[PDB]
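The structure appears below as structure tokens.
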Amino acid sequence: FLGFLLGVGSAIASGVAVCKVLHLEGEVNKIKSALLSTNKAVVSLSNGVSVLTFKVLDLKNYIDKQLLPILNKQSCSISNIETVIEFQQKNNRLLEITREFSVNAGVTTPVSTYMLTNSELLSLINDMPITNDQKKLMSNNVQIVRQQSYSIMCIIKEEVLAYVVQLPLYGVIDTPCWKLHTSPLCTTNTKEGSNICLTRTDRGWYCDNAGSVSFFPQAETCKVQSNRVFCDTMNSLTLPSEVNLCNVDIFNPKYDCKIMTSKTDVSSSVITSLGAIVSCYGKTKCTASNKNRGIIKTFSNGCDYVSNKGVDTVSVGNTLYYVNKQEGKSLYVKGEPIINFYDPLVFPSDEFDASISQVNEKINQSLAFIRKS
Amino acid sequence: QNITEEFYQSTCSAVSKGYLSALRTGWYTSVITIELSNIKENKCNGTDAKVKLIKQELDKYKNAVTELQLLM
Amino acid sequence: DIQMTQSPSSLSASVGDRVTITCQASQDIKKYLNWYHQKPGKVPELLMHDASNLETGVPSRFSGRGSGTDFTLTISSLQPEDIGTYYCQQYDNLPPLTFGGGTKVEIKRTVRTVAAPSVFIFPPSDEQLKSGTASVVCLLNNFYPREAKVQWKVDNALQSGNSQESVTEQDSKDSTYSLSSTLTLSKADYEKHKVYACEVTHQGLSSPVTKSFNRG
Amino acid sequence: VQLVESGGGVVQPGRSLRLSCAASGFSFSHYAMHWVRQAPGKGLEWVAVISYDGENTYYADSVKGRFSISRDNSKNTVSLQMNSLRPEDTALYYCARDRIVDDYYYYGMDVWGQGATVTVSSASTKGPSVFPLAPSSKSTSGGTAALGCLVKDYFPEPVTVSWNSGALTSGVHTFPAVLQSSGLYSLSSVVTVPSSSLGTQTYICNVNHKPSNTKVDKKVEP
């Protein structure tokens, strides 16, 4: 819910910069001369930055030394038809690259096999100026690399087509991460109104980074392979470590945990990594079921939780939820719901982006106003 | 060990620990090239079927090159 | 805890007969019941689950039916390798996973026209006598009816309460039986007599045949 | 697919004994494991079960408080510690696999081990003494004479008796054991052979008692 606090930045600024440096008079001939010998070479660009350069497809060689010599020599009628298919190969790639650039306005999100093959991508990763740990990580997760990289069509001139493949740089690796799931926490009185609801808004991913915590509010922009969380530092805030205290105690004086207040008595289900949170309010049907034995639990009104062990389905009203069957150990920290600490008549019925201290200050203000009489 | 998860009924929220980080701290650009040919676009007899097919393929290739040129 | 009862405790049927055994539960176990088949001297194998779902590899002659509290297991054509014991087991909520009493299934006996027993007698060995015990063995071999009387006579005096009989099962080839009656005495009691005999009465014998030996 | 069990033997009443069962051929870390016992000649009795993660253990009422089940997925083993044993606990114990994988509700057993025999009787373990039941010298010239072995005073069951290491099988009758007044077991194994074969072919019976590691070869002569 904290996506508006993030700063905005240009994602393809580096690739576009390399392109603008690639338009200089004599830079395409530089790259072509460098790749005249082999299919890959390090080239110092006119801006000073040294980039790796790949020749992934050679059509001038094939066209000018294998197809046109046999075609327009004498008796232009050709004797073998395997040349037609051999030319349909090695040319589909150019057509598909052209079409991908046409439909994606010249810069394509995840980098396809047509843009860059797995052998070429691994060869590019292995020859990068990074530590061996990042090389191993990138080589094992080539799919996440493709998802997190761009390909900007750069220039086409001097018989050469150029595009910049802008790959991620996984500088921070192997630090502990944790996901935070939240759900509305309301009172369970039978009255139609006067039912106050409180929720935590700091949901999303958190990772240790240089003594601080990189927090990602839009958890949708974070991929998970096995237990590794690939995130983008640009879609993130940077917070002190004390924010983690919000889990051991939400009233601690060090960090102020952002919350949200409302009066909407809505039953919901939030599926976590290993289990499910169920906020069952009103006359709604809340059910936990196993695939082979049917319904095994009926939820009482309030905020409850079940583990993914033995539970395969969570039903809330008409919504059906399949729980993640990932293995692990779950823990239930018993405690009294915080919502039982406030007065329903003095509680701020609506505040989108607030915190514990802010709500407490408004409560202090209203109580000081009331006490004067 | 492995992935663990704690559910706090106090604040109605769950935390899932045990994951590892791989953060995009930066970028690495790399120029990738495809060498093209300026084939002389004519002069053969369109009497054969194989030659007509090769000529159509050449039309496809040059139209691709032209489309790429129009991306500026 | 739910109690499970199987009916019948045992049955004897010919090869190819339709065999139906029943299982009953103390409460509603609607379809959480398995059928196992333990061959003689083998491990229990799961025949079927969910009271009707045959397990993969099980011959199609087995058919499970029933629900609620009552279930039946049926063999359309009883086979040689279908003998043994059959167990129904409930798997309801939170196991005390109780089994049933089981059902024994055996093929009927062979006709085997009457054959008289070969009777042998073995005196106690010298090595056994050196340790202070004497064991005389009377052996009846390859006879059929199953009934036979073996009595011990020491110095023409009938013995009682110091002999043990052990009988084999019906042979798969000649459908006959074998019996061994062992008489065990102390060395002093064994040396306190002269002649030892076992008397066999049996249908295939004209007269009760007595086999005897003198010590020495 | 295989479950090999070990730890069986004879244990005096009131003492303890631990059974182990190792698994191979399947992803052991995801199957619930059952212990199921069977008294000699009687039906099957459910003993215990442990879930795939090892945090859910269930015991039968007749063994509650005495037995304890544990598992080790790094070595694919299930252990059943039975202390304060009564004589009614004498039985053959199987470890079995739960049909359904990765659940907290247990359904049934599809893969059964071979079993481990557990005898509680206060009597000790004694290997057998083998005495020769020699052929009579009265045997007719024909003549179909008979000989054998007497395997006496052994505990517990069972003993296995072969003849000529298996070379002689026809006409061999190994009787079921009888419980002597001494509390020990005894059986006989007899063979009928042509009388013209005595004094020409060596007759030796091989008695094997695994509970006492006893291997006896007894030569039978007239």
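Residues are named by chain letter and number: chains run A, B, ... in the order of the structure tokens, numbers start at 1 in each chain, and ligands are numbered from 1 in the order shown.
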
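Of the residues in chain B, those given alpha helix (DSSP H) by DSSP on the backbone are residues 49, 50, 51, 52, 53, 54, 55, 56, 57, 58, 59, 60, 61, 62, 63, 64, 65, 66, 67, 68 and 69 of chain B.
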
Could the residues in this selection be written to a file with N, CA, C and O atoms, as a compact mmCIF listing (two decimals), in the first residue's frame?
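Dumped everything to result.txt:
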```txt
# COMPACT_ATOMS: atom_id res chain seq x y z
N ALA B 49 10.55 -22.02 -59.87
CA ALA B 49 9.83 -21.93 -58.60
C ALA B 49 10.79 -21.74 -57.44
O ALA B 49 10.51 -20.98 -56.51
N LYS B 50 11.94 -22.42 -57.48
CA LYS B 50 12.93 -22.26 -56.42
C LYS B 50 13.53 -20.86 -56.44
O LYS B 50 13.75 -20.25 -55.39
N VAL B 51 13.77 -20.32 -57.64
CA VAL B 51 14.30 -18.97 -57.76
C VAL B 51 13.26 -17.95 -57.33
O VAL B 51 13.59 -16.94 -56.68
N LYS B 52 11.99 -18.19 -57.65
CA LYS B 52 10.93 -17.29 -57.19
C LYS B 52 10.82 -17.31 -55.67
O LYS B 52 10.61 -16.27 -55.04
N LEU B 53 10.98 -18.49 -55.07
CA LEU B 53 10.96 -18.59 -53.61
C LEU B 53 12.13 -17.84 -52.99
O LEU B 53 11.97 -17.13 -51.99
N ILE B 54 13.33 -17.98 -53.56
CA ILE B 54 14.49 -17.26 -53.04
C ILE B 54 14.30 -15.75 -53.20
O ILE B 54 14.69 -14.97 -52.33
N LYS B 55 13.70 -15.33 -54.32
CA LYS B 55 13.45 -13.91 -54.53
C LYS B 55 12.44 -13.37 -53.52
O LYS B 55 12.59 -12.26 -53.01
N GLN B 56 11.40 -14.16 -53.22
CA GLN B 56 10.45 -13.76 -52.19
C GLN B 56 11.12 -13.67 -50.82
O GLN B 56 10.82 -12.78 -50.02
N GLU B 57 12.04 -14.60 -50.53
CA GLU B 57 12.77 -14.55 -49.27
C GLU B 57 13.66 -13.31 -49.20
O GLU B 57 13.78 -12.68 -48.14
N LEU B 58 14.28 -12.94 -50.32
CA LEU B 58 15.06 -11.71 -50.38
C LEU B 58 14.17 -10.50 -50.15
O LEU B 58 14.58 -9.53 -49.50
N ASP B 59 12.95 -10.52 -50.70
CA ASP B 59 12.00 -9.45 -50.44
C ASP B 59 11.68 -9.36 -48.95
O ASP B 59 11.63 -8.27 -48.38
N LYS B 60 11.46 -10.51 -48.31
CA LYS B 60 11.22 -10.53 -46.87
C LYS B 60 12.39 -9.92 -46.11
O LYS B 60 12.20 -9.09 -45.20
N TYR B 61 13.61 -10.30 -46.48
CA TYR B 61 14.80 -9.80 -45.78
C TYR B 61 14.95 -8.29 -45.94
O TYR B 61 15.17 -7.57 -44.97
N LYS B 62 14.84 -7.80 -47.18
CA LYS B 62 14.99 -6.37 -47.40
C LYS B 62 13.85 -5.57 -46.78
O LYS B 62 14.07 -4.45 -46.31
N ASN B 63 12.63 -6.12 -46.76
CA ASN B 63 11.54 -5.43 -46.09
C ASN B 63 11.77 -5.39 -44.58
O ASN B 63 11.42 -4.41 -43.92
N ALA B 64 12.37 -6.44 -44.02
CA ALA B 64 12.76 -6.40 -42.62
C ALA B 64 13.78 -5.30 -42.37
O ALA B 64 13.68 -4.55 -41.40
N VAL B 65 14.78 -5.20 -43.25
CA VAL B 65 15.79 -4.16 -43.13
C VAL B 65 15.15 -2.78 -43.22
O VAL B 65 15.50 -1.86 -42.47
N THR B 66 14.19 -2.62 -44.13
CA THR B 66 13.52 -1.33 -44.29
C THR B 66 12.69 -0.99 -43.06
O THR B 66 12.70 0.15 -42.59
N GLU B 67 11.98 -1.98 -42.51
CA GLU B 67 11.22 -1.76 -41.28
C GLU B 67 12.14 -1.34 -40.15
O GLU B 67 11.81 -0.44 -39.36
N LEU B 68 13.32 -1.97 -40.06
CA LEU B 68 14.28 -1.59 -39.03
C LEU B 68 14.78 -0.17 -39.25
O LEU B 68 14.98 0.58 -38.29
N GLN B 69 14.99 0.22 -40.51
CA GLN B 69 15.38 1.60 -40.81
C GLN B 69 14.29 2.59 -40.41
O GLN B 69 14.60 3.71 -39.99
```

Please, which residues in chain C fall within 7 Å of chain D when counting only C-alpha atoms, and what is the closest atom pair and distance in Å to one decimal for each, ordered by chain then residue number, as a Markdown table?
```
| residue | atom | partner | partner_atom | distance |
| --- | --- | --- | --- | --- |
| C:43 | CA | D:112 | CA | 6.6 |
| C:44 | CA | D:112 | CA | 7.0 |
| C:45 | CA | D:110 | CA | 6.8 |
| C:46 | CA | D:110 | CA | 5.5 |
| C:91 | CA | D:107 | CA | 5.2 |
| C:94 | CA | D:105 | CA | 6.5 |
| C:95 | CA | D:106 | CA | 6.9 |
| C:96 | CA | D:60 | CA | 6.0 |
| C:97 | CA | D:46 | CA | 6.3 |
| C:98 | CA | D:46 | CA | 6.1 |
| C:99 | CA | D:45 | CA | 6.5 |
| C:101 | CA | D:43 | CA | 6.1 |
| C:102 | CA | D:43 | CA | 6.2 |
| C:122 | CA | D:133 | CA | 5.8 |
| C:125 | CA | D:132 | CA | 6.5 |
| C:128 | CA | D:131 | CA | 6.5 |
| C:166 | CA | D:176 | CA | 6.3 |
| C:167 | CA | D:175 | CA | 6.3 |
| C:168 | CA | D:175 | CA | 5.5 |
```

What residues in region 227-334 of chain A get the DSSP label strand (DSSP E or B)? Please answer as a PyMOL selection string.
chain A and resi 228-232+237-240+258-262+268-272+275-280+286-290+294-298+302-306+313-316+319-322+329-333

Taking only C-alpha atoms into account, find every residue of chain A that has an atom no more than 9 Å from chain D, and write it out as a VMD selection string.
chain A and resid 290 293 309 to 311 328 to 329

Just give me the gap between CA of residue 8 (chain B) and CA of residue 334 (chain A) in Å, one decimal is fine.
6.8 Å

Region 25-36 of chain B surroundings by only C-alpha atoms, 8 Å radius, close-in-sequence under 5 positions cut, as a PyMOL selection string:
chain A and resi 14-15+18+51-60+159-172+232-233

Restricting it to N, CA and C atoms, dump the selection as a short mmCIF file (atom, residue, chain, number, x, y, z; two decimals), in the first residue's frame.
```
data_model
loop_
_atom_site.label_atom_id
_atom_site.label_comp_id
_atom_site.auth_asym_id
_atom_site.auth_seq_id
_atom_site.Cartn_x
_atom_site.Cartn_y
_atom_site.Cartn_z
N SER A 14 20.51 3.93 -18.95
CA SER A 14 21.85 3.45 -19.28
C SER A 14 21.92 2.94 -20.71
N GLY A 15 20.96 2.11 -21.12
CA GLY A 15 20.95 1.62 -22.49
C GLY A 15 20.75 2.74 -23.50
N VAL A 18 24.05 4.49 -23.85
CA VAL A 18 24.95 3.75 -24.73
C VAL A 18 24.52 3.89 -26.19
N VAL A 51 32.46 -1.77 -22.88
CA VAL A 51 31.32 -2.66 -22.96
C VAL A 51 31.70 -3.91 -23.74
N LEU A 52 31.06 -5.02 -23.38
CA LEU A 52 31.22 -6.26 -24.13
C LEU A 52 30.33 -6.21 -25.36
N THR A 53 30.83 -6.74 -26.47
CA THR A 53 30.13 -6.66 -27.74
C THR A 53 30.09 -8.03 -28.38
N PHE A 54 28.91 -8.43 -28.84
CA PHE A 54 28.67 -9.75 -29.40
C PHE A 54 28.17 -9.62 -30.84
N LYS A 55 28.61 -10.54 -31.69
CA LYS A 55 28.07 -10.71 -33.04
C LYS A 55 27.28 -12.02 -33.06
N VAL A 56 25.97 -11.91 -32.84
CA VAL A 56 25.14 -13.09 -32.66
C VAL A 56 24.67 -13.71 -33.98
N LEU A 57 24.74 -12.97 -35.08
CA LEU A 57 24.29 -13.48 -36.36
C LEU A 57 25.04 -12.79 -37.49
N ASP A 58 25.61 -13.59 -38.38
CA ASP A 58 26.37 -13.10 -39.53
C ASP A 58 25.59 -13.42 -40.80
N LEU A 59 24.91 -12.41 -41.35
CA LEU A 59 24.18 -12.58 -42.60
C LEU A 59 24.96 -12.11 -43.81
N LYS A 60 25.76 -11.04 -43.67
CA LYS A 60 26.61 -10.61 -44.78
C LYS A 60 27.52 -11.73 -45.26
N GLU A 159 25.59 -1.58 -42.74
CA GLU A 159 25.32 -3.02 -42.88
C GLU A 159 25.32 -3.74 -41.53
N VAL A 160 25.02 -3.04 -40.45
CA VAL A 160 25.02 -3.63 -39.12
C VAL A 160 23.77 -3.20 -38.37
N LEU A 161 23.13 -4.15 -37.70
CA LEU A 161 22.03 -3.90 -36.79
C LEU A 161 22.54 -4.02 -35.37
N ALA A 162 22.27 -3.01 -34.55
CA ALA A 162 22.79 -2.96 -33.20
C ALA A 162 21.65 -2.79 -32.22
N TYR A 163 21.68 -3.56 -31.14
CA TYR A 163 20.79 -3.34 -30.02
C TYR A 163 21.54 -3.60 -28.73
N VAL A 164 21.21 -2.82 -27.71
CA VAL A 164 21.87 -2.88 -26.42
C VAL A 164 21.03 -3.76 -25.50
N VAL A 165 21.63 -4.83 -25.00
CA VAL A 165 20.98 -5.70 -24.03
C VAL A 165 21.41 -5.23 -22.65
N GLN A 166 20.46 -4.68 -21.90
CA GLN A 166 20.74 -4.08 -20.60
C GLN A 166 20.33 -5.10 -19.54
N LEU A 167 21.35 -5.81 -18.97
CA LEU A 167 21.27 -6.90 -18.02
C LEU A 167 21.32 -6.38 -16.59
N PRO A 168 20.69 -7.08 -15.65
CA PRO A 168 20.75 -6.66 -14.25
C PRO A 168 22.11 -6.93 -13.63
N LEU A 169 22.39 -6.18 -12.56
CA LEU A 169 23.62 -6.33 -11.78
C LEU A 169 23.22 -6.67 -10.35
N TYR A 170 23.34 -7.95 -9.99
CA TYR A 170 22.94 -8.43 -8.67
C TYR A 170 24.08 -8.22 -7.67
N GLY A 171 24.23 -6.96 -7.25
CA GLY A 171 25.32 -6.63 -6.34
C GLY A 171 25.12 -7.16 -4.93
N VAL A 172 23.88 -7.13 -4.43
CA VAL A 172 23.57 -7.60 -3.09
C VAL A 172 23.02 -9.02 -3.21
N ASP A 232 14.12 -5.47 -7.38
CA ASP A 232 14.75 -4.32 -8.01
C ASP A 232 14.89 -3.22 -6.97
N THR A 233 16.13 -2.78 -6.72
CA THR A 233 16.37 -1.74 -5.72
C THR A 233 15.68 -0.43 -6.06
#
```

Using only C-alpha atoms, which residues sit within 10 Å of residue 127 (chain A) once same-chain residues fewer than 5 positions away are excluded, as a PyMOL selection string?
chain A and resi 40-42+52+122+135
